[PDB]
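Colleague: Before we start, here is the structure in question, set down as structure tokens.
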Ligand code: HEM
Ligand code: HEM
Ligand SMILES: NC(=[NH2+])NCCC[C@H](N)C(=O)O
Ligand SMILES: [Zn+2]
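Chains as they are written, first to last, in PDB author numbering: chain B, 69 to 482; chain A, 67 to 482.
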């Protein structure tokens, strides 16, 4: 039942007993493994036409309350039995319930802790939870968002944070942030099927224009936010330029690199995922930490369907782009990642390279083994996009499963 | 839409459905509660030895299934030849408890097992495989002759050719034919006084077994090991491969002149010899197969893995890189030059090799072919994506479905 897990570099063995707490199903079955799929309908939390029946919600709620009081060690006290009483009374009457701020804070950190695809989980206990459940309009969402950004950025000394908007109610639409991240660069479809800017943001850029935005035409034009209040059309809000910290990219030894005009924002904040805590679903709960250099240098700038600067940089380096055996792609990629680390360090902006990051994740796997008897990790996401075997996580076997609280994917509001 | 797995390629935006997984008859390690897909040796990819022949019904359903696959491949499903062969197989199993494959059936199944291998990125070559029938072999001495012929044919002086030699199958009430070494060519790993290892740390146990069986050891980082071949019910016999038979490549760098001075090298022929070949229920415990290397296997895994040659720091020091801080990306830089050196050395020596970019681009082409041909292709993402420059190759952005299909190459316990 309990999977035997091995590290092939050290030859050490551990038994994951935590996977037994998993109550939510993954995309896999004995017939076939679907662990490499990014978006399975299993990790997704779609709509619904009728509220979740009390039986199920009550069991998820009681479990979470059990998790919480067990964290503060008062597992069994009167406060515990009374909090359970309260949840049950509210669900029985209203078919739903509400969390306390302390409970919401414990649940958010635990959602991050439980996130299989996150390599930065060693920082899980250090999270600023902004309570925004007392928000009634898109305009208010914007103010809250601006406070999250100014706090998290911190003049370059980034701090992990999350802002939790009102949960979903059966009798209405959701509070949603249409953008996938608080900071994104525009992607303009240019006549000849070409794309100016970030190809990943083409659709969102169009929606912003459809909703009245005056677009530019640069490669790094920060998009405005489309915030949506329940059952209302999204409203456009332009982020103040002073709130959006950006780092211009230059290379430590290649003077011509800076001339490329490359740059990237400091704050990585996902805003399209759903935070589930004790049966309660929060459709708008943006979270942010700090970047791992590979996200910018490798993926964002080198992916074929993104900025794809690999060839341009190779040419500037005068590499042999004729054949692949010259490893021109590899060499160029290394220098770009190097330029990213040098630039963020020069500008005094928090950044972590993939070696430091994965080394800290291995320590985290160790902490969780003693703490909980295991740790859910998605190998393909934990192992960096370049130099995979040069890092310790590559030689570590991992078990993947769903634990709750959890950050899950959800449908696009449009 | 369709009831089968929906698979997406994020680079192109294309979608495909895997219907081939519906033909899987062997369970994997995963369940809806958790994914155990990253485990190298899960007990689900291994086939434990047998102290008793396979139950005549499980073996029959498996045998029947294989014969149907064979007849469908030649387009004679339902024919008289098909029905007669099925009757002939259950007639054999009926009185002997087992059965035997026809020459062409063995050639078909061997090519099919490679075709069905989820961890192999070189499957676009699956149709081109030299199948050496060695089911008449009766001694460890003959096993050596057969292997020497395999090595000579496959090596072909640098212009490598994929090949497999099939020795007699598992027979109940009789010992197995086994090659003790993991690969036909392996470098020795000597356990030092100080706990360290000289040579290949992966080969420490086999090196000690060879010594225990009469081999006089050397003291170099690149000493080719002798073969420990075992015929049924006999102790394993030691055989030394003639040096002229083992083609090796001295490593040098195209621009870094000092690299040649490192004394690094690697053999040309990659030949797995400890895997079991399973065809229609029949088990071939000794069936060594070979192809040609992908540059990353040597330059990245073999030479740079912490538990292998671990030369990353040495080369970085030669390149005068800051090995005190991670952010200098000294590991990434050194690893790149080490892979370039492997590619340069093999191309120079006129020995066959393929870089990770070309290999993965050809595997994508294989995926398209298999989509039209069988409606899918079982692929283990972690093993398909190269150990360096992952998202720089096309396969990284391709979602894959993994499952077990037979014929297959499976893991087996060590004979010792
Ligand atoms: C502290 C710094 C952090 C670093 C260095 C870090 C790094 C990463 C990386 C490299 C990924 C993969 C991204 C991709 O490939 O698209 C990731 C994913 C993720 N991170 Fe972290 N993380 C950090 C903080 C956080 C925080 C603050 C939260 C939540 C409160 C969080 C939640 C997640 C989740 C849920 C995912 C999965 C996202 C998805 O599936 O798209 N991370 N993180
Ligand atoms: C022709 C060139 C070929 C190339 C470039 C190729 C490449 C590879 C690579 C890179 C691996 C991963 C090895 C590792 O990470 O340890 C692999 C695994 C494998 N290949 Fe191929 N292969 C080729 C030929 C063959 C042949 C001829 C067969 C069999 C007839 C075959 C069967 C397999 C199997 C079963 C594995 C998985 C081994 C395991 O699970 O440990 N391959 N191949
Ligand atoms: N963002 C990531 N780290 N993705 C890892 C690989 C996931 C997926 N198999 C793909 O096509 O990319
Ligand atoms: Zn799986």
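Cβ atoms here follow ideal geometry from the backbone N, Cα and C, with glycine treated the same way.
My assumption, with CB atoms under 8 Å, is that residue 458 of chain B sits in contact with residue 421 of chain A. Please give the rounded CB distance.
Modeller: Rounded, the Cβ-Cβ distance is 18 Å, inconsistent with contact.
Colleague: Can you give me the C-alpha to C-alpha distance between residue 117 of chain A and residue 240 of chain A, rounded to a whole angstrom?
Modeller: 9 Å
Colleague: Determine which residues of the region 441 to 458 of chain B have a Cβ less than 9 Å from any Cβ of chain A, and write them out in chain order.
Modeller: Listed in sequence order: 444, 445, 446, 447, 448, 451, 452, 453, 454, 455, 456, 457 and 458.
Colleague: If we call anything under 8 Å between Cβ atoms a contact, is residue 269 of chain A one with residue 252 of chain A?
Modeller: Residue 269 of chain A places its beta carbon less than 8 Å from that of residue 252 of chain A.
Colleague: With a threshold of 6 Å on Cβ separation, who are the neighbours of residue 74 of chain B within its own chain once the five nearest residues in sequence on each side are excluded?
Modeller: 81 and 465
Colleague: Distance check for residue 203 of chain B and residue 246 of chain B, CA to CA, integer angstroms please.
Modeller: 17 Å
Colleague: Taking CB distances under 8 Å as the criterion, tell me whether residue 385 of chain B reaches chain A.
Modeller: Proximity of residue 385 of chain B to chain A, defined by a Cβ-Cβ separation below 8 Å, is not satisfied.
Colleague: Look up residue 231 of chain B in the DSSP assignment and give the residues it is bridged to.
Modeller: B:198
Colleague: I need the boundaries of the beta strand (DSSP E) containing residue 81 of chain A, first residue and last residue.
Modeller: 81 to 83
Colleague: Near residue 415 of chain B, which residues of its chain fall below 7 Å by C-beta distance, leaving aside the five closest residues on each side in sequence?
Modeller: Exclusion of the five residues before and after residue 415 of chain B leaves 224 and 315 as the residues of its chain whose Cβ lies within less than 7 Å of its Cβ.
Colleague: Just mark residue 297 of chain A as buried or exposed, buried being the case when its beta carbon has 16 or more other beta carbons within 10 Å.
Modeller: buried
Colleague: Note down, in chain order, all residues in the region 75 to 86 of chain B with a beta-carbon under 9 Å from any beta-carbon belonging to chain A.
Modeller: 76, 77, 78, 79 and 84
Colleague: Would you identify the three-state DSSP class for residue 136 of chain A, choosing helix, strand or coil?
Modeller: helix
Colleague: Between residue 291 of chain B and residue 273 of chain B, is the Cβ-Cβ spacing less than 8 Å?
Modeller: yes
Colleague: Please state the DSSP three-state secondary structure of residue 218 of chain B.
Modeller: Correct three-state label for residue 218 of chain B: helix.
Colleague: Are any of the Cβ atoms in chain B nearer than 8 Å to that of residue 469 of chain A?
Modeller: Taking 8 Å as the CB threshold, residue 469 of chain A lines the interface with chain B.
Colleague: May I ask which residues mark the beginning and end of the beta strand (DSSP E) holding residue 74 of chain B?
Modeller: 72 to 74
Colleague: From the beta carbon of residue 436 of chain B, is the nearest beta carbon of chain A less than 8 Å away?
Modeller: No, residue 436 of chain B does not count as interfacial toward chain A.
Colleague: Taking 5 Å as the limit, name every residue whose beta carbon sits nearer than that to some heavy atom of ligand 4, in sequence order.
Modeller: B:96, B:101, B:103, A:96, A:101 and A:103
Colleague: Could you tell me which uninterrupted beta strand (DSSP E) segments, each at least 3 residues in length, are contained entirely in the region 79 to 116 of chain B, listed from first to last along the chain?
Modeller: 81 to 83
Colleague: Considering only the alpha carbon of each residue, which of B:120, B:89 and B:392 lies closest to residue 237 of chain B?
Modeller: B:120
Colleague: Would you check if the region 103 to 116 of chain B and the region 470 to 479 of chain A touch, i.e. whether three or more CB-CB distances between them fall below 8 Å?
Modeller: no
Colleague: Are there any heavy atoms of ligand 3 lying less than 7 Å away from the beta-carbon of residue 448 of chain B, as far as the coordinates show?
Modeller: yes
Colleague: For the region 409 to 425 of chain A, which residues have a beta carbon sitting closer than 8 Å to at least one beta carbon of chain B?
Modeller: Those would be 409, 413, 421, 423 and 424, in chain order.
Colleague: Using a Cβ-Cβ distance cut-off of 8 Å, determine whether residue 264 of chain A contacts chain B.
Modeller: For residue 264 of chain A, no Cβ of chain B is located within less than 8 Å of the residue's own Cβ.
Colleague: Which runs of the alpha helix (DSSP H), 4 residues or longer, sit entirely within the region 318 to 380 of chain B?
Modeller: If only complete runs of 4 or more residues are kept, the region 318 to 380 of chain B shows no alpha helix (DSSP H) anywhere.
Colleague: Are residue 86 of chain A and residue 346 of chain A closer than 8 Å when you measure CB to CB?
Modeller: no
Colleague: How would you call residue 133 of chain B, buried or exposed, if buried means at least 16 neighbouring beta carbons within 10 angstroms?
Modeller: buried
Colleague: Could you name the residues of the region 393 to 408 of chain B whose beta carbon sits closer than 7 Å to any beta carbon of chain A, in the order they occur along the chain?
Modeller: If the cut-off is 7 Å between Cβ atoms, the region 393 to 408 of chain B has 393, 395, 397, 398, 399, 401, 402, 405 and 406 near chain A.
Colleague: Tell me the start and end of each unbroken beta strand (DSSP E) in the region 266 to 313 of chain A that is at least 3 residues and wholly inside, in chain order.
Modeller: DSSP runs (the beta strand (DSSP E)) wholly in the region 266 to 313 of chain A: 293 to 296 and 303 to 305.
Colleague: Report the three-state DSSP secondary structure of residue 474 of chain B (helix, strand or coil).
Modeller: strand
Colleague: What residues in its chain sit with their C-beta under 8 Å from that of residue 130 of chain B, if we drop five residues either side in the sequence?
Modeller: 152, 155 and 156
Colleague: Between A:205, A:248, A:258 and A:194, which has its C-alpha nearest residue 229 of chain A's C-alpha?
Modeller: A:194
Colleague: I'd like the list of long-range same chain contacts for residue 173 of chain A, defined as Cβ closer than 6 Å, with 5 residues on each side in sequence excluded.
Modeller: 197
Colleague: Between the region 351 to 366 of chain A and the region 254 to 268 of chain A, do three or more beta carbon pairs fall short of 8 Å?
Modeller: Judged by Cβ distances under 8 Å, the region 351 to 366 of chain A makes no contact with the region 254 to 268 of chain A, as fewer than three pairs qualify.
Colleague: Could you spell out where the alpha helix (DSSP H) holding residue 151 of chain B opens and where it closes?
Modeller: 146 to 162
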